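The numbering of the sequence shown is full-length UniProt numbering, which starts it at 58 and goes up by one.
Idealized CB from N, CA, C, for every residue including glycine.
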Amino acid sequence: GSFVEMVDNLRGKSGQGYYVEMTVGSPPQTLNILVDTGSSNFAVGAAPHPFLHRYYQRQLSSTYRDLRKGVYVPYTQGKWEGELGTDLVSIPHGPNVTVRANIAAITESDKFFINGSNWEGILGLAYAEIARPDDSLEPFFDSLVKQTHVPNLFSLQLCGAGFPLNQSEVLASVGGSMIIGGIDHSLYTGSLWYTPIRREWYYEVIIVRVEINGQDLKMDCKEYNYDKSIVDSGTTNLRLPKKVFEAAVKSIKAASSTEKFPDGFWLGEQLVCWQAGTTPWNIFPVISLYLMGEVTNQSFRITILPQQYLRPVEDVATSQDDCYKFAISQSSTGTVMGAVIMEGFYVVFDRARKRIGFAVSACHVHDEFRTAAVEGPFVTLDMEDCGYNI
Ligand SMILES: CN1C(=N)N[C@](c2ccccc2)(c2cccc(-c3cccnc3)c2)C1=O
Numbered sequence: 058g059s060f061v062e063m064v065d066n067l068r069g070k071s072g073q074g075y076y077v078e079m080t081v082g083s084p085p086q087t088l089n090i091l092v093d094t095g096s097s098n099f100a101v102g103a104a105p106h107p108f109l110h111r112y113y114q115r116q117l118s119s120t121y122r123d124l125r126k127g128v129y130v131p132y133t134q135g136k137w138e139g140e141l142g143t144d145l146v147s148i149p150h151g152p153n154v155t156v157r158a159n160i161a162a163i164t165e166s167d168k169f170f171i172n173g174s175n176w177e178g179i180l181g182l183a184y185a186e187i188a189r190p191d192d193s194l195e196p197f198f199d200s201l202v203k204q205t206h207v208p209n210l211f212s213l214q215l216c217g218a219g220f221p222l223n224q225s226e227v228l229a230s231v232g233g234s235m236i237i238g239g240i241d242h243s244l245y246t247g248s249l250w251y252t253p254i255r256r257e258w259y260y261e262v263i264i265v266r267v268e269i270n271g272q273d274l275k276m277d278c279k280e281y282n283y284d285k286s287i288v289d290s291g292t293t294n295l296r297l298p299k300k301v302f303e304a305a306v307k308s309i310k311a312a313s314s315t316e317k318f319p320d321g322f323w324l325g326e327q328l329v330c331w332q333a334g335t336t337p338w339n340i341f342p343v344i345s346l347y348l349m350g351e352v353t354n355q356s357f358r359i360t361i362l363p364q365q366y367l368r369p370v371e372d373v374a375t376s377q378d379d380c381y382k383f384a385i386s387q388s389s390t391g392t393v394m395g396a397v398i399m400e401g402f403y404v405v406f407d408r409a410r411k412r413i414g415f416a417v418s419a420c421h422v423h424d425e426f427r428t429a430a431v432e433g434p435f436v437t438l439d440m441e442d443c444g445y446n447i
């Protein structure tokens, strides 16, 4: 491990997000910021809200610069709106640099802030193409690389606890690491395998084959990337395109058929509970996603366990049972490799080399019989045909 200052600088969990401490303004104003590889704006609460115990106060920052422009960000299940500006930004448990970055000061929002999440803003780490209002608003990471000698790469180790964390425990627990400008070898075991970044907007990748307990899902590979496949720390679940979700759920049900679960469980709505310590991990299958490799006609696979795709939740009766929600759900916007998938792996966002690296995480949850895996190579043909085009 060569980046000790950044190791263990994250807190949080899959369902509420993983956040890093940042400071904005002069004198510095400390805020907790959601690490989001699925968006490209640095946006912070800048007005009182019921779910925020602190927010950015532009009038107290001597370095605040008003861009005199509003930003409106409506999304599926909500929105945020604010005012654009710039200020001096630092990451205390990060590179020892201060940069001038764009900041969207959030003045109004609907279903954006989460009660008890402990974060007050979001760090959009994806590319300018998807920045709001448009690609002229330089994302934070682009500013950081342009203004300093920080290498154009970051890596994420998101650590799921494997069990529920109460309010006090989640504040006192280490949620993982965001290594800015490098790869820390203490965070993974085995080898790093790289997949190309198909296009620089979201962190888009190409899935070439899917297995459930070694059994090929046998769908046309274009289905797996319809209309795109992305790596997103800002999404909780592994999200699959409708048809892929339907085929995967049927195969996961068939593999776990020794126990019957209600439809509400498979819909990701209701929890399932087992007596403390008796979760039947072994009846649930492993899921392998094969990704396009860096060499022609070569792929590799990442394999996750039910310990990643069953999300620990506290029972409604706060009982001594071990309870979970199924953390795989359908999408109408392509595949999303969310936090529950990222929790299995150390993920390297190698922007400099337009590639994403995967290695087994040193903090993934497993049992004495199975572990997550990153393996290769495999001979795979016509992988370019797996990508979707509108
Ligand atoms: C899918 N996704 C995402 N990757 N970031 C969010 C977003 C970002 C910018 C603009 C609109 C939406 C987002 C926003 C707020 C909270 C979360 C969020 C919620 C729960 C667990 N982890 C993260 C995600 C979002 O909806």
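Boundaries (first-last residue) of the beta strand (DSSP E) holding residue i
i, result
"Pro298", "295-298"
"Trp323", "Counting along the chain, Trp323 falls outside any beta strand (DSSP E), though it belongs to the alpha helix (DSSP H) covering 320-323."
"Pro131", "122-132"
"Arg412", "412-418"
"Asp379", "379-383"
"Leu194", "Note, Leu194: premise wrong, no beta strand (DSSP E); not H, not E."
For residue i, the first and last residue of its enclosing alpha helix (DSSP H)
i, result
"residue 523", "Nothing in the structure corresponds to residue 523, since the chain is present only between 58 and 447."
"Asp199", "197-204"
"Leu228", "224-229"
"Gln365", "363-366"
Counted within 10 angstroms of its Cβ, other Cβ atoms place residue i as buried (16 or more) or exposed
i, result
"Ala374", "exposed"
"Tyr112", "buried"
"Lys299", "exposed"
"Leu362", "buried"
"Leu180", "buried"
"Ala103", "buried"
"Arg408", "buried"
"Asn159", "buried"
"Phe220", "exposed"
"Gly173", "exposed"
Distance between residue j and residue i (C-alpha atoms, nearest Å)
i, j, result
"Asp273", "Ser345", "9 Å"
"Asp144", "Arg189", "18 Å"
"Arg410", "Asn354", "19 Å"
"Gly325", "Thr293", "12 Å"
"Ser230", "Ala429", "23 Å"
"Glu441", "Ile163", "40 Å"
"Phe108", "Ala100", "16 Å"
"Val370", "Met399", "18 Å"
"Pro208", "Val202", "7 Å"
"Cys278", "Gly69", "34 Å"
"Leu213", "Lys317", "36 Å"
"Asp379", "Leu328", "10 Å"
"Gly135", "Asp167", "5 Å"
"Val306", "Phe322", "11 Å"
Candidates the options, of which the one nearest residue i by Cα
i, options, result
"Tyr283", "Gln387, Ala100, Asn98, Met63", "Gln387"
"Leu438", "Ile264, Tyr76, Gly151", "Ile264"
"residue 454", "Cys420, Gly239, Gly444", "Nothing about residue 454 can be read from this structure; the chain reaches only from 58 to 447."
"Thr336", "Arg412, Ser71, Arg296, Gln377", "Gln377"
"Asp123", "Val352, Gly142, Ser212, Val422", "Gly142"
"residue 448", "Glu226, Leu91, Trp137", "With the chain running from 58 to 447 in the structure shown, residue 448 is simply not present."
"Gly178", "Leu194, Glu186, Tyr281, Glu165", "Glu165"
"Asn270", "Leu244, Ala312, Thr252", "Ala312"
"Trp176", "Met276, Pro253, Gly291", "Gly291"
"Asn339", "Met349, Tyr129, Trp323, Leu367", "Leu367"
"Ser248", "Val227, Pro434, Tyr259, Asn446", "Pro434"
"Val267", "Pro253, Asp241, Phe383, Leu297", "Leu297"
beta-carbon residue i near ligand 2 non-hydrogen atom, thresh 7 Å
i, result
"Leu295", "In terms of ligand content, the structure shown lacks ligand 2 and carries ligand 1 instead."
Closer than 8 Å is the cut-off here; do at least three beta carbon pairs connect the segment 357-364 with the segment 430-440?
yes
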